[PDB]
Structure formats: structure tokens, C-alpha cells
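In what follows, a structure is listed as C-alpha cells, so that the remarks can point back to it.
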Amino acid sequence: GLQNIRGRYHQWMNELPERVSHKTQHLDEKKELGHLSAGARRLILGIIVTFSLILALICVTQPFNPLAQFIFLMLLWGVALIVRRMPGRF
Amino acid sequence: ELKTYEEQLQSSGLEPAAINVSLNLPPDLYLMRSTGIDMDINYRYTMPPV
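Each protein sequence line maps, in turn, to chains E and G.
Using PDB author numbering, read the first sequence as starting at 108 and increasing by one per residue.
Using PDB author numbering, read the second sequence as starting at 374 and increasing by one per residue.
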């Protein structure tokens, strides 16, 4: 099992390109439907822009005590380490 | 203002007694932030020889 972990890690590593290739097919597949109401679409992608910028502004401005700041740091660092292992431009 | 008499903040003797200043605060200074209460103390005393 422990030895299997190594081989399966490589198995998933090999799957990364395979799954990525499937994702690109799906990228086009979702685009093969990605259309609706342009004025509204601009509102909705623009709606993403405003809510996410508000959340980012709260994350930037929030005062924390040393313990809450340490917990927040460790969680953001954990997220960065997970995301760094993911392949691709995203 | 937290004295109630002038000689509260001074003690003279061979062994100086503890200087105690009492205060009661409104129950509104909530925790979980720890902003800090910098109790500045500018004190003066007799300097020991050695």
C-alpha cells in the first residue's frame, strides 16, 4: 500500500495530462453551449467581478489578533501548497 | 481621578508599601481583538546606592 501510494501517485500524475486533455475537450464542450444574453452575461461575469472584489477587500483590510493572523496565514499557505500541485494555467 | 486622596500614590518608609489604584470599567471592552491597553507609568523613586 505505501509502495502502491508511490506508483498510484505517478498513475494520477499520468492521469493529469489525460484528465487535462478531457478537460480541454470539456472546455470546448461547455463553450459548445457557453452563450445566452450578452448584456446580462456582462452583468453576471461583472457580478462575479464585484462580489469577489468585495471579498478580496475584506480579506486585505481585516484587522486580526496575532493568533487569528497566524491561523489565517497557515490556511492561506495550505491552500497555496494544494493549488501549486495542480497542473495547468488555471 | 482614580485616587480619592492625594497620598495614595506615595509611600515612604524602610519597606515601601504596595501602591494600589482601583478602577471599575463598563462591561463593554470585548475580547477576541486584544487591541491593547498601554498603561503608561512615569514613576520616580529613591535610587539604590549599588
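Note that beta-carbon positions come from the ideal geometry of N, C-alpha and C, so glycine has one too.
| Query | Result |
| --- | --- |
| Any beta carbon from chain B within less than 8 Å of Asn111/E's own beta carbon? | Looking for chain B here will not work: the only protein chains present are E and G. |
| So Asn172/E contacts chain G; which residues on that side make the cut at Cβ distance below 8 Å? | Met405, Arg406, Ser407 |
| Going by DSSP in three states, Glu379/G sits in which element: helix, strand or coil? | helix |
| Nearest CA to the CA of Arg406/G: which residue from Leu174/E, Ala145/E, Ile161/E, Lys138/E? | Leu174/E |
| Start and end of the alpha helix (DSSP H) containing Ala391/G? | Per DSSP, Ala391/G belongs to no alpha helix (DSSP H) and is neither H nor E. |
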